[PDB]
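Engineer: From the sequence below, what's the structure:
(chains A and B)
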Amino acid sequence: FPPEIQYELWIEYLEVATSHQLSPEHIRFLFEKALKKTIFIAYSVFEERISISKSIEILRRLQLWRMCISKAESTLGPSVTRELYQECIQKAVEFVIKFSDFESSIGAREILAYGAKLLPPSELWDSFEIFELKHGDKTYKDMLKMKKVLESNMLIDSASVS
Amino acid sequence: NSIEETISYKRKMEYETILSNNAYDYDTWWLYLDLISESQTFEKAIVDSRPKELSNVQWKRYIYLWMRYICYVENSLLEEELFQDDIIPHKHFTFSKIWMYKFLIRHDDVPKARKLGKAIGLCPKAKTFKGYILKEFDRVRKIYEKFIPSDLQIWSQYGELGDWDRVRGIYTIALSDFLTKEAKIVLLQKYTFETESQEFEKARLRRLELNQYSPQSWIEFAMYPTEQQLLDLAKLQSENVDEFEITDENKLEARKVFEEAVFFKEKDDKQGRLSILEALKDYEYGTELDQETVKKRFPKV
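Structural biologist: Numbers count the residues shown, from 1 in each chain, chains lettered A, B, ... in the order given. Here you go:
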């Protein structure tokens, strides 16, 4: 039936055959045959608890999909997740901001400058964010006023838009 | 029955997957070995040995050897070449010819993962495995290496095999908020006369050390009488030398309410509790909070 009806077969066939078996290579191959969206998720769910990095490579191989990968990478530990966002950038800015928030926020200089690059990437809550980052220091009114100036310039480029 | 080529097509495609690098080829070694396991058995093991050795080189020592004992059943010279450090040779000479094929593989595993930061933890697990198989030969090796947090674990284990524990705990505490918590809990658990003696030569007084001396008096002098008078002396000596006494009035109010029950005793407890509240409320704390708030607002602007 080819890639149309075959999917209608294949979703139940996967859910069932995975439910049955004891051996990685056979089912691995079966997903391989299979692959030609949810399939990635079943498959990834398999790899994490039988086959891990390989799975992460598979997820690496849309916003929701980006959100997942990041979750599984966090499951492998924190460090990757900040890394994941950089992949993520290329509404998404809200997510990159969501990752960057605890990134530099827990921190790193490349990450903070990235926070600036993202905040400037495209917003009053973000202004509260940068203001929070400035307030956190016991880092200067000058850079802060320059920041509000740049965001104002963004207000200018935004207002200039038709 | 007739799924033989199912394995042969999958295993050929698994090896057929190109692998540039060390970890990529070692990742493929995990795939085809599992395919070989489920389904020239010696030459596949030999080509697997060269792939793991020809890789990460740091992580292949734990990857290759972990599937060597299973590969051997389906060995002594190959393990010594891969594991190749001074303490590992000392561990081998004590339990190679004396005890095994389980022991001789476990020692090479200990020298692969360590050679470390987890040396006091691994050495404590080595003595627990060697002694079990209340031994005085392995415990003395730990006691000899103690003189040259982690030592309290080996001290509490050797004593269990509180008469001999005082000999080890005195040496441990002689040489960290967690380190003193282990020595304080050991001298308190051993016991009510010696529990108070250990409290006097440790608790001294701190917010944890002062709170520990109060908890020691609750358990040690619980079934005796003079818990209120001794607790009032500790809070007075601590407050004078060292606003943050909300846990002393709260733990004392819960200790009085938790006591099993009269009228004259309960009314006397209300008089004693209210006397501390009246004396506490008239000692500079709602007034102290607003004072620092005005200074904090003034300091900024």
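Engineer: who in chain A is up against chain B?
Structural biologist: Within chain A, the positions near chain B by Cβ under 8 Å from any Cβ of the partner chain are A:22-26, A:28-29, A:32, A:53-54. No exception for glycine: its C-beta is placed from N, CA and C like everyone else's.
Engineer: Would you mind writing the CA trace of stretch B:210-230 as PDB?
Structural biologist: Only the C-alpha atoms of stretch B:210-230 are listed here, as PDB (Å, rounded to 0.1, in the frame of the first residue of the first chain):
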ATOM      1  CA  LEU B 210      23.800  24.400  69.800                       C
ATOM      2  CA  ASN B 211      20.700  22.700  68.300                       C
ATOM      3  CA  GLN B 212      22.500  19.300  68.700                       C
ATOM      4  CA  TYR B 213      23.100  19.800  72.400                       C
ATOM      5  CA  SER B 214      19.400  20.500  72.900                       C
ATOM      6  CA  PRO B 215      18.400  17.300  70.900                       C
ATOM      7  CA  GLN B 216      20.900  15.300  73.000                       C
ATOM      8  CA  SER B 217      19.300  16.400  76.300                       C
ATOM      9  CA  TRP B 218      15.800  15.400  74.900                       C
ATOM     10  CA  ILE B 219      16.800  11.800  74.200                       C
ATOM     11  CA  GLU B 220      19.400  11.200  76.900                       C
ATOM     12  CA  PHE B 221      17.500  12.900  79.800                       C
ATOM     13  CA  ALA B 222      14.000  12.000  78.600                       C
ATOM     14  CA  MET B 223      13.000   9.200  81.000                       C
ATOM     15  CA  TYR B 224      14.800  10.600  84.000                       C
ATOM     16  CA  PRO B 225      13.500  15.600  84.800                       C
ATOM     17  CA  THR B 226      15.800  18.700  84.400                       C
ATOM     18  CA  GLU B 227      15.200  19.300  80.700                       C
ATOM     19  CA  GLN B 228      13.500  22.700  81.100                       C
ATOM     20  CA  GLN B 229      16.200  24.100  83.400                       C
ATOM     21  CA  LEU B 230      19.100  22.800  81.200                       C
END
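Engineer: Which residues does stretch A:50-59 contact?
Structural biologist: With contact meaning Cβ atoms under 8 Å, 6 or more residues apart in numbering or on different chains, stretch A:50-59 is reached by A:24, A:28, A:40, A:43-44, A:47-48, A:65, A:68-69, A:72-73, A:76, A:80, B:27.
Engineer: any idea which residue sits dead centre in chain A?
Structural biologist: Nearest to the mean C-alpha position of chain A, by Cα atoms, centre = their mean, lies residue A:66 at 4.1 Å.
Engineer: Name the nearest residue to it, sequence neighbours excluded.
Structural biologist: Closest residue to residue A:66 apart from its sequence neighbours, by Cβ to Cβ, 6 or more residues apart in numbering or on different chains: residue A:88 at 5.3 Å.
Engineer: For the stretch 151-300 of chain B, which segments count as strands?
Structural biologist: With DSSP state E, counting those that start in this stretch as the criterion, the stretch 151-300 of chain B has no strands.
Engineer: one step back: go through the residues of chain A next to chain B and flag which are in helices.
Structural biologist: Among those, the members falling in helices (DSSP state H) are A:24-26, A:28-29, A:32, A:53-54.
Engineer: Pull the most distant pair out of those.
Structural biologist: Spatial extent of these (Cβ to Cβ) is set by the pair A:26 and A:53 at 21.1 Å.
Engineer: returning to what we had before: in this model residue A:94 seems to touch the residue nearest to the centre of chain A, though I could be wrong.
Structural biologist: No - applying Cβ atoms under 8 Å as the test, residue A:66 and residue A:94 come out as separate, 11.7 Å apart.
Engineer: Could you pull out the buried residues of the helix or strand residue A:94 falls within?
Structural biologist: Element membership for residue A:94, per DSSP states H and E: helix A:92-106. For helix A:92-106, the neighbour count (16 or more other Cβ atoms under 10 Å in any protein chain shown) marks A:92-93, A:95-97, A:99-100, A:103-104 as buried.
Engineer: May I have it exported as PDB, CA atoms only?
Structural biologist: Extracted in PDB, the C-alpha atoms of helix A:92-106 (Å, rounded to 0.1, in the frame of the first residue of the first chain):
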ATOM      1  CA  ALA A  92      10.800  29.700  19.000                       C
ATOM      2  CA  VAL A  93      12.600  32.700  20.500                       C
ATOM      3  CA  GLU A  94      10.400  32.200  23.500                       C
ATOM      4  CA  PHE A  95      11.800  28.700  23.900                       C
ATOM      5  CA  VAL A  96      15.400  29.800  23.300                       C
ATOM      6  CA  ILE A  97      14.700  32.400  26.000                       C
ATOM      7  CA  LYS A  98      13.100  29.600  28.100                       C
ATOM      8  CA  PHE A  99      16.400  27.700  28.000                       C
ATOM      9  CA  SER A 100      18.700  30.700  28.200                       C
ATOM     10  CA  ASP A 101      16.800  31.900  31.200                       C
ATOM     11  CA  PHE A 102      18.100  29.200  33.500                       C
ATOM     12  CA  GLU A 103      21.300  29.000  31.500                       C
ATOM     13  CA  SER A 104      23.100  32.200  32.300                       C
ATOM     14  CA  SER A 105      20.600  32.800  35.000                       C
ATOM     15  CA  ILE A 106      22.200  29.900  37.000                       C
END
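Engineer: Could you give the separation of that helix from the chain centroid?
Structural biologist: Remark: helix A:92-106 is offset 10 Å from the chain centroid, using Cα atoms, centre = their mean, to the nearest Å.
Engineer: The helix or strand just after it: which residues count as buried?
Structural biologist: Using DSSP H and E, the helix or strand that follows helix A:92-106 towards the C-terminus is helix A:109-118. By neighbour count on 16+ other Cβ under 10 Å, the buried set for helix A:109-118 is A:111-112, A:114-116, A:118.
Engineer: could you dump these to TSV with distance to residue B:113?
Structural biologist: Converted to TSV, those look like this (distance: Cβ to Cβ, whole Å):
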residue	distance to residue B:113
A:111	33
A:112	37
A:114	37
A:115	39
A:116	43
A:118	41
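Engineer: which two in the residues of chain A next to chain B are spaced the farthest apart?
Structural biologist: Maximum pairwise distance among the residues of chain A next to chain B (Cβ to Cβ): 22.7 Å, between A:22 and A:53.
Engineer: Between the two, tell me which one has more neighbours.
Structural biologist: Between residue A:22 and residue A:53, counted using other Cβ atoms under 10 Å in any protein chain shown, the more crowded position is residue A:53 (14 against 8).
Engineer: For the more buried one, give its distance to residue B:102.
Structural biologist: 31 Å (Cβ to Cβ, to the nearest Å).
Engineer: Regarding chain B, what is its longest helix?
Structural biologist: helix B:264-281.
Engineer: Enumerate the positions of it that are buried.
Structural biologist: Going by neighbour count (16+ other Cβ under 10 Å), the buried part of helix B:264-281 is residue B:276.
Engineer: residues making contact with that helix?
Structural biologist: Under Cβ under 8 Å, 6+ apart, the answer for helix B:264-281 is B:228, B:245, B:249, B:252-253, B:256.
Engineer: Run through who's touching stretch B:202-220.
Structural biologist: B:173, B:177, B:180-181, B:183-184, B:187-188, B:191-192, B:195-196, B:199, B:227, B:230-231, B:234, B:237-238, B:241-242, B:244, B:247-248, B:251, B:255.
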